[PDB]
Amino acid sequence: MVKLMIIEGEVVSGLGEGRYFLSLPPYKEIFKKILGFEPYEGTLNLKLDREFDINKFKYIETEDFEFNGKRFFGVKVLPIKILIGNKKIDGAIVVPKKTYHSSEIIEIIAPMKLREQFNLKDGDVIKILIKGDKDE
């Protein structure tokens, strides 16, 4: 069984967290290494209709980093396809250790600013696709 799963997500606005830590260069490096792209310095938050638990899937945990004296926690990362209209963009879900949002909100990263390049406004619904599971 090659298992897929397509989920809908309502574009929502957040605390502006992702733009920050995605700027720092060991994250850039690890994401470049893990995902094969350098993500736009931000996360697109999406509200889902039900709790999302990254542990149900085969994620990648990044290591904690020490960056010029200050330390930083790693994140779990799960590559996905972002389905916006006819297109399929490569991206990933990122789950950081601590989060102000509910467990129905996920953060998406991608090569480009998706709002801009797909004229996304809050409330728009997009789909993300997840290949395999924890047992594949």
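Note that residue numbering follows the sequence shown and begins at 1. We call the rigid core the largest set of C-alpha positions that still match within 1.5 Å between the two forms.
Root mean square Cα distance to the shown form, taken over structures and residues in 4 other deposited structures of this protein after a core fit, is higher for 94-102 when 50-58 and 94-102 are compared. Between 61-69 and 79-87, the larger root mean square Cα shift in 4 other deposited structures of this protein, once each structure is superposed on the rigid core, falls on 61-69. The stretch with the higher mean CA B factor, choosing between 89-97 and 62-70, is 62-70. Taking the mean C-alpha B-factor of each stretch as recorded, 43-51 and 22-30 are not equal, and the higher mean is that of 22-30.
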